[PDB]
Amino acid sequence: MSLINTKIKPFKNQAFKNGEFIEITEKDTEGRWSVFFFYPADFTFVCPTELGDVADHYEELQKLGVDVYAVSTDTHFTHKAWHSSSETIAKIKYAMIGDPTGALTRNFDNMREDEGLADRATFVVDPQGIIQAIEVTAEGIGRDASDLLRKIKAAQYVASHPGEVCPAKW
Amino acid sequence: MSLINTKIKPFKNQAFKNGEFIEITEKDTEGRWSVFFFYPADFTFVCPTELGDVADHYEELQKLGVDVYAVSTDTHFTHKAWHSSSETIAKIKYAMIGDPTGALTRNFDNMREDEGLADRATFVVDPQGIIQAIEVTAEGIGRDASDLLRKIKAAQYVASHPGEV
Amino acid sequence: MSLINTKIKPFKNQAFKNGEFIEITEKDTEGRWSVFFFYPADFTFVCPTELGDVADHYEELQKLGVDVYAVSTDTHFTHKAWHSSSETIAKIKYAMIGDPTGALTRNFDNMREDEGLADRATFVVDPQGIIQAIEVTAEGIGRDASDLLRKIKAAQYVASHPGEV
Amino acid sequence: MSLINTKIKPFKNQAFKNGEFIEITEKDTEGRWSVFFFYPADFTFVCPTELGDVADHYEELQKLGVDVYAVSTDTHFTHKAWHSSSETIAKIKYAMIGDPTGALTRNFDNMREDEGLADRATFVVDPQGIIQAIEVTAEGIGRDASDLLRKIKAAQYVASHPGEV
Amino acid sequence: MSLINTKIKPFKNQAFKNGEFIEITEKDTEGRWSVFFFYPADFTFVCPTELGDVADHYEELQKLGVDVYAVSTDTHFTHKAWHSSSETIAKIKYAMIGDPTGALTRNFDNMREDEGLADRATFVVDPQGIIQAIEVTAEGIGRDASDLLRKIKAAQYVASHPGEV
Amino acid sequence: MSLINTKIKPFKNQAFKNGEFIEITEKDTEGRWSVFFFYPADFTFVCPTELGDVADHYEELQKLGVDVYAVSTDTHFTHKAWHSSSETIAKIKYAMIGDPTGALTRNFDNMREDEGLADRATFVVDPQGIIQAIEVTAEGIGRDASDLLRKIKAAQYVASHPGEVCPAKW
Amino acid sequence: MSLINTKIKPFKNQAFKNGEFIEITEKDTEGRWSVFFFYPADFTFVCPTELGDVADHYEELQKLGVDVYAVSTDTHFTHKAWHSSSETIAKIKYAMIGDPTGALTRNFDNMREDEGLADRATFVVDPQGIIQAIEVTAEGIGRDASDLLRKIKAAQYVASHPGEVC
Amino acid sequence: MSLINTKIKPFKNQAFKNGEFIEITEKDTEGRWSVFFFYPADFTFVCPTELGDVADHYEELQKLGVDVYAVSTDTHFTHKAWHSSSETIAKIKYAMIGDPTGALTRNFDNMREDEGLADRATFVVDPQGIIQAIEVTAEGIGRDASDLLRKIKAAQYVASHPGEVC
Amino acid sequence: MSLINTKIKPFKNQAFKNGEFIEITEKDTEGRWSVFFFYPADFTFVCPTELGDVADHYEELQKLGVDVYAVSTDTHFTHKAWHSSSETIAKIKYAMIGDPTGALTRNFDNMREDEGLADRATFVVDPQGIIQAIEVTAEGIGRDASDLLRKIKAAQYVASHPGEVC
Amino acid sequence: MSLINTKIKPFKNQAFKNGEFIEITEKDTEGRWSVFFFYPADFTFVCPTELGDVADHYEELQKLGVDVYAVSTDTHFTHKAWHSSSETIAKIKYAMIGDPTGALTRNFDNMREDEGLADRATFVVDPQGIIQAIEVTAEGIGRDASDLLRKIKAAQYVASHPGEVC
């Protein structure tokens with residue numbers, strides 16, 4: 001009962017984006033490619049390289065018509081403080097969702113129950129709402145944003161053009 | 001929910017490796033890095049490009065001290081036949097496990113219940129048995145083996161050098 | 001409780017028939033005599049003598065108006081492979097159903113839950129969908145097609161002749 | 001779920017064997033090959049052709065070390081009557097079990113709950129008590145004893161020969 | 001508990017009467033006095049002395065307007081054979097019902113569950129279907145038909161002359 | 001699930017016998033033939049012919065070693081009053097069990113639940129405690145004590161000599 | 001749960017009253033005061049002192065418009081015999097209910113389960129059917145009819161005009 | 001399910017007895033004849049007779065070896081206040097049990113669930129703990145101590161001389 | 001399962017308010033600001049402050065459009081008796097709710113089950129019925145009316161001017 | 001069920017206190033008075049008036065031997081940033097517990113299920129672990145630290161010597 005190839009469940013979270021707060025819902029991700037990017041929490045000491053990578057590729061993602069959603073168990077208020085404070089997060093223009101309830105994190109089955117934090121999982125959702133790619137890693141282990149783009153471009157190729165690529169030579 | 005950072009469940013499946021069959025269990029992976037590579041089925045006319053790219057780097061993985069385990073719902077008899085049939089699969093030196101029951105596939109919650117086939121998923125397991133990297137993709141979307149390699153190296157570095165940077 | 005003399009349950013399985021892939025259902029059996037021939041797996045070392053006999057008789061069965069359906073837990077892709085790969089299995093013109101879910105096999109209560117494969121069982125269904133003859137056997141036990149042929153002729157005879165002594 | 005390849009359940013039924021009345025149990029089958037031949041009822045208008053064939057082959061089966069047990073919902077008193085009354089049923093030297101409770105029949109899941117009679121079913125049990133071959137049929141469908149004979153020889157052959165291809 | 005003074009339950013059983021078979025139901029006994037006569041089984045070497053004494057008086061019962069129903073767990077096929085076999089049963093002009101299921105036997109709670117046979121019980125039913133006299137005895141202990149006659153006459157008198165003396 | 005050929009359940013009732021009360025139990029009927037004779041109740045208008053019949057045969061029953069127990073839902077006190085009052089019951093010397101609880105009547109499944117009375121049922125118990133014969137009738141319909149003796153004599157014959165009487169001539 | 005201050009459950013019992021049998025139901029106690037008087041059984045060696053007290057007080061109870069119902073597990077047939085037998089019961093004018101089922105005895109929760117008899121308990125029912133006064137005693141303990149009468153006159157007083165304080 | 005003849009359930013309630021508070025349990029009713037007297041509530045306008053009536057008899061009861069326990073859903077604080085602010089309740093030297101939990105009230109199945117108060121009941125208990133006599137009444141219907149006292153004398157008489165005849 | 005922000009459950013209890021009894025329900029709290037003040041029991045030796053403290057503030061509360069409801073497990077009869085026999089409780093002109101059933105106490109999850117009394121809690125309810133402020137304390141620990149009054153002013157301020165910033 | 005007068009459930013939460021992170025458990029509150037101070041979240045636009053009041057009163061609380069615990073659903077990492085950011089939080093000397101699991105918030109029944117935040121609630125724990133005083137308020141309503149201090153001094157008084165009356 002994997003989440004691959006299934007519809008995402010509805011939600012209603014608060015987020016921070018470009019010096020102002022907004023309410024993102026399941027209706028906002030209708031008819032567009034979306035990338036839910038889960039991670040432990042704000043103000044940790046471990047380097048924010050993973051957020052910095054996708055921040056640089058956000059311009060390139062917007063050209064392909066792809067939305068990005070950083071999701072954490074911390075509040076939308078704490079995201080604003082972390083954006084004004086930190087060096088690398090200053091680069092973030094896309095939405096940073098606050099999930100104090102954990103409902104959105106629970107919908108993707110990606111909760112550190114005993115810790116109360118979110119695991120490092122990158123999801124790729126298509127316009128219909130079906131999950132096409134999952135990438136989960138533990139603390140310390142990095143995840144490439146260039147590889148994420150490769151999957152998204154591959155997902156958009158198959159979406160528009162089903163039944164692709166080789167059969168095998170005997 | 002969230003299979004990452006959990007000890008893998010026990011199993012007992014027959015597999016195919018280099019012209020012969022072998023029985024593999026959870027006691028084989030203890031004390032070694034293992035990579036479970038799930039794929040839908042054998043003899044599918046969608047070609048093995050992600051599988052076969054794993055056949056490459058196999059020297060690099062075995063040198064590094066990593067096991068590879070190809071998993072599918074089809075039998076080990078079909079796995080043997082598919083090895084001899086296609087050229088890309090003929091490069092495979094590592095074990096290819098069959099899950100006619102689906103037990104091992106169900107342990108990672110990676111089963112298409114309505115189709116009765118496994119999803120395209122790659123799991124990275126450590127010597128203890130804990131999972132530290134998961135990669136599941138839809139049909140058509142490939143899986144990069146060079147990216148997989150970096151995940152292994154990153155996992156081994158964090159294991160040997162814990163609580164840093 | 002007993003399986004003989006009951007309406008077969010619905011299904012939707014993929015199948016392979018002389019080159020083509022097709023979807024077979026319970027609706028295809030309606031108004032026709034059907035023969036579901038279960039067997040463990042493809043590419044086995046066991047002789048396909050049972051399937052070879054049915055291939056020969058199939059000419060005769062099709063004249064009577066009797067369809068044949070080979071069933072196994074292996075996929076329909078592997079069925080095309082095993083047909084094209086080798087042997088007397090190339091004789092068969094009848095459909096070879098793939099049951100990776102095991103749903104069609106579980107409707108007949110004919111699965112090895114430990115092995116995840118189908119038991120050797122032959123069934124005979126009438127136009128109404130009622131089972132008339134059953135023949136389940138173990139590994140290595142042969143099934144005679146000429147014996148099966150007689151039971152089908154008798155089944156059609158009793159169907160057309162209610163009162164016989 | 002499947003009945004083939006499982007240990008037969010215990011029982012204590014009355015039986016008729018060439019004039020004598022005797023009590024047969026699961027302990028009598030231990031260390032012997034057994035054949036349970038179910039049939040609906042005695043004194044029917046249907047031809048006892050099936051029982052007549054087994055009567056002829058019984059000589060041969062007893063040399064191999066194979067016991068035969070005719071089973072029905074009618075009493076053991078009626079079995080002595082039907083034997084002594086008429087016909088080729090007088091040929092039989094093997095035991096004819098009476099199952100008025102239906103307990104032995106319900107152990108094989110082979111009863112018509114509406115009619116309160118046993119379905120036409122033949123079973124083959126080994127020294128261990130495991131079922132190897134099953135053959136269930138409907139009213140008017142004949143069962144071949146020579147076909148059954150071949151399956152018994154094959155069953156003993158596979159028992160003595162584990163590895164065969 | 002206490003079956004007396006309760007309306008009999010519905011049923012549908014096949015029976016034997018004068019060389020032919022007939023289906024009997026609860027709608028046959030409505031508007032008439034009926035006597036259900038249970039006995040263990042056919043062809044039992046314990047002779048029919050209580051049964052056959054009921055064959056006598058049958059003129060007296062039919063004249064009086066009373067039906068007789070012999071009931072047993074054995075089939076109607078065996079009932080037909082037992083009629084031709086024994087001389088005492090050849091006197092029987094009334095219906096002999098078979099209960100292979102035991103349904104009608106279970107309605108009067110008169111079943112030997114461990115033996116799967118009916119007990120020696122006689123029930124007197126009125127036109128409405130209410131039971132007004134029960135007589136159950138153990139094996140060996142007979143049942144007097146002349147006493148049965150007086151019970152019928154006493155029952156008819158109380159029915160026609162209610163609330164007296 | 002008939003009571004024929006089954007062990008009787010234990011009980012502890014009060015009864016009246018020969019100008020004095022006594023307590024009968026299941027232990028008192030051990031190793032002896034017993035006849036439980038159920039009936040509606042005391043002081044009814046319907047003729048006590050059934051009690052008068054068995055009263056006359058009681059002497060004959062005592063010779064065969066058979067105990068008789070008249071059982072009703074009425075009390076043991078009411079039995080004494082009915083014995084001193086009525087004409088035919090004066091003849092009764094055997095025990096008249098009072099079953100105000102209905103427990104003994106319930107053990108033989110012979111209760112008029114809606115009426116709270118006992119049905120007319122004659123039971124025959126052997127020394128071991130197994131029920132060998134049952135005879136139940138409705139109000140008005142008589143039951144012969146001479147026929148009861150025939151069953152008891154037949155029961156004693158089979159008990160001492162199993163496997164009796166005819167096979168059939170073909 | 002306490003049974004006081006509740007409506008009586010319906011019933012159908014046969015009874016005996018002055019040489020005649022009559023059926024009694026919950027309909028007969030409608031619009032009238034009723035006194036259900038339970039006792040163990042008939043023809044016991046215990047002197048019928050309580051029933052004798054209610055017998056001679058029956059004249060007062062009828063004047064107040066109060067019915068009396070002698071209830072027991074014994075049948076109505078036995079009551080008729082016990083009326084003819086003893087002197088103290090021969091002076092009973094009120095109805096004697098036979099309750100072989102127990103239904104009536106169980107409605108008031110007053111059954112000796114082990115003995116299969118009715119406990120000696122007196123109740124006071126009003127025209128509406130609400131139970132006002134309850135009195136239960138053990139075997140051997142007496143029940144005063146004059147005190148029962150006092151409760152009835154006190155019950156009718158409050159029913160006519162409540163409150164008034166002291 | 002009638003609790004006429006049964007051992008009383010255990011309890012541990014606080015009570016007011018003669019200018020001071022005390023805790024009393026079922027252990028205090030291990031010997032002696034205890035009498036539990038239930039009533040709705042304190043400071044009600046309804047006559048405080050019965051309680052004042054028993055207070056007169058209490059000296060006679062104490063000679064017989066009988067305890068009296070006035071029970072109510074009100075606290076033990078209110079009993080002392082009501083006793084201090086009374087006219088005929090001032091005579092009560094016996095214990096006045098407070099039952100705020102309602103545990104002791106429900107033990108005798110004597111609770112008005114809708115009102116949350118105790119019904120007007122009197123229970124007589126023997127040294128063994130077995131109940132012998134019961135007397136429940138509705139609002140306004142009194143119960144005299146003389147009839148209660150007679151039942152206690154009859155109860156001690158049957159206990160001391162079991163098995164009498166007539 | 002914290003009942004900070006939720007609509008109060010319905011009830012129908014009797015209460016004593018200024019020389020007479022009245023029945024009050026949740027319907028009376030349909031408008032207005034109701035304040036439920038729970039306490040253990042009447043006639044306790046523990047200081048009757050808080051209650052006497054709020055009595056002084058009550059005139060100020062009445063101007064603001066605020067009701068006060070003193071709740072306890074004791075009856076409404078005891079409240080009138082305690083009010084008549086008091087020194088600082090005599091100032092209470094607001095309603096004193098009796099809760100013998102304990103229904104209103106359990107509505108706010110404020111019952112000492114083992115003791116059968118109410119805890120020392122204060123609840124502030126708005127016109128809609130939603131609870132805004134809570135204050136529970138142990139025995140001996142007082143709660144002043146001035147702090148309570150300030151919370152009510154803050155509650156009316158936020159209700160009248162929702163959404164403030166800083 | 002009311003939570004007042006109960007022992008606290010055990011816990012394991014990380015916290016922030018004066019430039020250093022430290023783990024806090026139920027062991028640390030043993031043998032000492034503790035004050036669990038809950039609030040919604042960090043970096044809100046609502047002025048931190050309540051935390052500022054407890055900050056300047058912290059000197060008194062430490063003199064009385066009372067620990068203060070600021071609890072919130074936000075992590076201990078965010079608390080450190082919020083300490084450096086704002087002035088009113090920069091004067092916080094006491095520990096700031098991070099409760100991302102909610103475990104601690106759920107133990108006291110104080111979770112906004114819909115919002116996923118902790119309600120603004122103050123508790124007063126004693127050396128034994130028994131909760132003595134509870135105070136919960138709605139969003140926008142203030143909590144007085146001087147009144148909290150009054151309750152603590154009253155709580156310590158009763159703990160040292162109970163009763164004494166008035």
# chains A, B, ... in the order shown; residues from 1 in each chain; ligands from 1
>>> residues_around(residues="residue E:98", least_positions_apart="6", cutoff="7 Å", atoms="only C-alpha atoms", output="list in words")
residues 13, 14, 15, 71, 72, 73, 74, 75 and 76 of chain E
>>> select_by_dssp(residues="chain G", states="helix (DSSP H, G or I)", output="PyMOL selection string")
chain G and resi 49-56+58-63+76-85+87-90+103-107+145-160
>>> interface_residues(of="chain C", to="chain D", cutoff="7 Å", atoms="only C-alpha atoms", output="VMD selection string")
chain C and resid 1 to 2 4 45 to 47 109 to 111 132 to 138 140 to 142 151 154 to 155 158 165
>>> write_last_selection(atoms="N, CA, C and O atoms", output="CSV table (one decimal), in the first residue's frame")
chain,number,residue,atom,x,y,z
C,1,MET,N,-16.6,-25.8,2.3
C,1,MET,CA,-17.6,-26.7,1.7
C,1,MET,C,-17.4,-26.9,0.2
C,1,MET,O,-16.5,-26.3,-0.4
C,2,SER,N,-18.1,-27.8,-0.4
C,2,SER,CA,-17.9,-28.3,-1.8
C,2,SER,C,-17.9,-27.2,-2.8
C,2,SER,O,-18.6,-26.3,-2.8
C,4,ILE,N,-17.8,-28.1,-6.3
C,4,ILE,CA,-18.4,-28.7,-7.5
C,4,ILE,C,-19.9,-28.2,-7.6
C,4,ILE,O,-20.6,-28.1,-6.5
C,45,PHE,N,11.4,-27.2,-14.8
C,45,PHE,CA,12.1,-28.4,-15.3
C,45,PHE,C,11.1,-29.6,-15.5
C,45,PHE,O,11.5,-30.5,-16.2
C,46,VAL,N,10.0,-29.5,-14.9
C,46,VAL,CA,8.9,-30.5,-15.1
C,46,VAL,C,8.5,-30.5,-16.6
C,46,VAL,O,8.3,-29.4,-17.2
C,47,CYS,N,8.2,-31.7,-17.2
C,47,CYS,CA,7.8,-31.8,-18.5
C,47,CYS,C,6.4,-31.2,-18.8
C,47,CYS,O,5.5,-31.5,-18.0
C,109,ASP,N,-10.3,-21.5,-5.1
C,109,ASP,CA,-9.7,-22.0,-3.8
C,109,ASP,C,-8.5,-22.9,-4.1
C,109,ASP,O,-8.2,-23.8,-3.4
C,110,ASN,N,-7.7,-22.6,-5.2
C,110,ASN,CA,-6.7,-23.5,-5.6
C,110,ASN,C,-5.3,-22.9,-5.6
C,110,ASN,O,-4.6,-23.0,-6.6
C,111,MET,N,-4.9,-22.4,-4.5
C,111,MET,CA,-3.5,-21.8,-4.3
C,111,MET,C,-2.7,-22.4,-3.2
C,111,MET,O,-3.2,-22.8,-2.2
C,132,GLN,N,-18.9,-28.6,-13.4
C,132,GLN,CA,-19.3,-30.0,-13.5
C,132,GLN,C,-18.3,-31.0,-13.1
C,132,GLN,O,-18.6,-32.0,-12.5
C,133,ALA,N,-17.1,-30.8,-13.6
C,133,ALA,CA,-16.0,-31.7,-13.3
C,133,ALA,C,-14.8,-31.0,-12.7
C,133,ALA,O,-14.4,-30.0,-13.2
C,134,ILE,N,-14.1,-31.7,-11.7
C,134,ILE,CA,-12.9,-31.1,-11.1
C,134,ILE,C,-11.9,-32.2,-11.0
C,134,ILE,O,-12.2,-33.4,-10.8
C,135,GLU,N,-10.6,-31.9,-11.2
C,135,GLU,CA,-9.5,-32.9,-11.1
C,135,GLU,C,-8.2,-32.2,-10.6
C,135,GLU,O,-7.5,-31.6,-11.4
C,136,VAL,N,-8.0,-32.3,-9.3
C,136,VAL,CA,-6.8,-31.7,-8.7
C,136,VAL,C,-5.8,-32.8,-8.4
C,136,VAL,O,-6.1,-33.9,-7.9
C,137,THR,N,-4.5,-32.5,-8.7
C,137,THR,CA,-3.4,-33.4,-8.5
C,137,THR,C,-2.2,-32.7,-7.8
C,137,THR,O,-2.1,-31.5,-7.7
C,138,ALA,N,-1.2,-33.5,-7.4
C,138,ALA,CA,0.0,-33.0,-6.8
C,138,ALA,C,1.1,-32.9,-7.8
C,138,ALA,O,1.0,-33.3,-9.0
C,140,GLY,N,4.1,-33.8,-10.0
C,140,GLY,CA,4.6,-35.1,-10.7
C,140,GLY,C,3.5,-36.0,-11.1
C,140,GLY,O,3.7,-37.0,-11.8
C,141,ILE,N,2.2,-35.7,-10.7
C,141,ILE,CA,1.1,-36.5,-11.1
C,141,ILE,C,0.5,-36.0,-12.4
C,141,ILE,O,0.1,-34.9,-12.5
C,142,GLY,N,0.5,-36.9,-13.4
C,142,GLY,CA,0.1,-36.6,-14.7
C,142,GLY,C,-1.5,-36.5,-14.8
C,142,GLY,O,-2.2,-37.2,-14.1
C,151,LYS,N,-15.1,-36.9,-20.3
C,151,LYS,CA,-16.0,-36.2,-19.3
C,151,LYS,C,-16.7,-35.0,-19.8
C,151,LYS,O,-17.8,-34.7,-19.4
C,154,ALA,N,-19.6,-36.4,-22.0
C,154,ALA,CA,-20.6,-36.9,-21.0
C,154,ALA,C,-21.4,-35.7,-20.4
C,154,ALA,O,-22.6,-35.8,-20.2
C,155,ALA,N,-20.6,-34.7,-20.1
C,155,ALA,CA,-21.3,-33.5,-19.5
C,155,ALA,C,-22.3,-32.8,-20.5
C,155,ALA,O,-23.4,-32.4,-20.1
C,158,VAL,N,-25.4,-35.3,-20.8
C,158,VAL,CA,-26.3,-35.2,-19.6
C,158,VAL,C,-27.1,-33.8,-19.7
C,158,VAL,O,-28.2,-33.8,-19.3
C,165,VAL,N,-30.9,-43.3,-17.2
C,165,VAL,CA,-30.7,-44.4,-16.2
C,165,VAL,C,-29.7,-45.4,-16.8
C,165,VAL,O,-29.4,-46.4,-16.1
>>> select_by_dssp(residues="chain E", states="strand (DSSP E or B)", output="ChimeraX atom specification")
/E:7,12-17,20-25,33-38,66-72,95-98,111-112,117-118,120-125,130-137
>>> closest_atom_pairs(of="chain J", to="chain A", cutoff="9 Å", atoms="only C-alpha atoms", output="CSV")
residue,atom,partner,partner_atom,distance
J:41,CA,A:75,CA,7.7
J:42,CA,A:78,CA,6.7
J:43,CA,A:77,CA,5.5
J:44,CA,A:77,CA,6.2
J:45,CA,A:77,CA,8.9
J:73,CA,A:100,CA,7.5
J:74,CA,A:74,CA,6.2
J:75,CA,A:74,CA,7.5
J:77,CA,A:43,CA,5.4
J:78,CA,A:43,CA,6.0
J:80,CA,A:43,CA,8.7
J:81,CA,A:43,CA,7.5
J:82,CA,A:81,CA,8.4
J:85,CA,A:81,CA,8.8
J:99,CA,A:116,CA,8.0
J:100,CA,A:116,CA,4.9
J:101,CA,A:116,CA,3.8
J:102,CA,A:116,CA,7.4
J:103,CA,A:116,CA,9.0
J:112,CA,A:101,CA,8.8
J:113,CA,A:101,CA,7.2
J:114,CA,A:101,CA,7.1
J:115,CA,A:101,CA,6.1
J:116,CA,A:101,CA,3.8
J:117,CA,A:100,CA,6.6
>>> atom_distance(atom1="atom CA of residue J:164", atom2="atom CA of residue H:86")
27.2 Å
>>> decode(residues="stretch 20-40 of chain I", atoms="N, CA and C atoms", output="mmCIF file, in the first residue's frame")
data_model
loop_
_atom_site.group_PDB
_atom_site.id
_atom_site.type_symbol
_atom_site.label_atom_id
_atom_site.label_comp_id
_atom_site.auth_asym_id
_atom_site.auth_seq_id
_atom_site.Cartn_x
_atom_site.Cartn_y
_atom_site.Cartn_z
ATOM 1 N N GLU I 20 -35.712 33.097 47.784
ATOM 2 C CA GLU I 20 -36.632 32.209 47.070
ATOM 3 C C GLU I 20 -35.909 31.284 46.098
ATOM 4 N N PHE I 21 -36.583 30.197 45.728
ATOM 5 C CA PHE I 21 -36.024 29.209 44.810
ATOM 6 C C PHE I 21 -36.460 29.478 43.375
ATOM 7 N N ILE I 22 -35.590 29.119 42.434
ATOM 8 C CA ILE I 22 -35.870 29.247 41.004
ATOM 9 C C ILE I 22 -35.178 28.126 40.231
ATOM 10 N N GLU I 23 -35.768 27.738 39.103
ATOM 11 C CA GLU I 23 -35.160 26.758 38.206
ATOM 12 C C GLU I 23 -34.439 27.497 37.088
ATOM 13 N N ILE I 24 -33.187 27.121 36.833
ATOM 14 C CA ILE I 24 -32.395 27.742 35.768
ATOM 15 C C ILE I 24 -31.773 26.703 34.842
ATOM 16 N N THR I 25 -31.699 27.057 33.563
ATOM 17 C CA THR I 25 -31.248 26.154 32.510
ATOM 18 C C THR I 25 -30.184 26.843 31.656
ATOM 19 N N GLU I 26 -29.706 26.145 30.628
ATOM 20 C CA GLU I 26 -28.783 26.734 29.651
ATOM 21 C C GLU I 26 -29.450 27.828 28.806
ATOM 22 N N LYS I 27 -30.783 27.848 28.795
ATOM 23 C CA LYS I 27 -31.550 28.866 28.073
ATOM 24 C C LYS I 27 -31.335 30.259 28.665
ATOM 25 N N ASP I 28 -31.070 30.314 29.968
ATOM 26 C CA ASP I 28 -30.803 31.577 30.656
ATOM 27 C C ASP I 28 -29.435 32.153 30.284
ATOM 28 N N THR I 29 -28.552 31.292 29.779
ATOM 29 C CA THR I 29 -27.224 31.686 29.318
ATOM 30 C C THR I 29 -27.189 31.814 27.783
ATOM 31 N N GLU I 30 -28.307 32.225 27.186
ATOM 32 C CA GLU I 30 -28.394 32.358 25.730
ATOM 33 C C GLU I 30 -27.795 33.682 25.269
ATOM 34 N N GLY I 31 -28.007 34.725 26.062
ATOM 35 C CA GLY I 31 -27.260 35.970 25.942
ATOM 36 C C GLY I 31 -26.466 36.093 27.223
ATOM 37 N N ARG I 32 -25.966 37.290 27.512
ATOM 38 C CA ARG I 32 -25.311 37.573 28.789
ATOM 39 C C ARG I 32 -23.980 36.832 28.951
ATOM 40 N N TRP I 33 -23.200 37.242 29.946
ATOM 41 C CA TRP I 33 -21.977 36.542 30.319
ATOM 42 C C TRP I 33 -22.204 35.800 31.630
ATOM 43 N N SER I 34 -22.314 34.477 31.557
ATOM 44 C CA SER I 34 -22.524 33.661 32.749
ATOM 45 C C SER I 34 -21.186 33.184 33.307
ATOM 46 N N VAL I 35 -21.081 33.160 34.634
ATOM 47 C CA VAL I 35 -19.869 32.718 35.323
ATOM 48 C C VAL I 35 -20.221 31.641 36.347
ATOM 49 N N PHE I 36 -19.795 30.409 36.077
ATOM 50 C CA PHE I 36 -20.079 29.276 36.957
ATOM 51 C C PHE I 36 -18.971 29.102 37.991
ATOM 52 N N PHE I 37 -19.327 29.251 39.267
ATOM 53 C CA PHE I 37 -18.369 29.186 40.370
ATOM 54 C C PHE I 37 -18.599 27.932 41.217
ATOM 55 N N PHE I 38 -17.744 26.928 41.030
ATOM 56 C CA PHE I 38 -17.874 25.649 41.732
ATOM 57 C C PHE I 38 -17.122 25.648 43.062
ATOM 58 N N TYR I 39 -17.661 24.913 44.034
ATOM 59 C CA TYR I 39 -17.012 24.738 45.336
ATOM 60 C C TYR I 39 -17.476 23.437 46.007
ATOM 61 N N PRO I 40 -16.671 22.896 46.947
ATOM 62 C CA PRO I 40 -16.935 21.565 47.517
ATOM 63 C C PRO I 40 -18.323 21.377 48.143
#
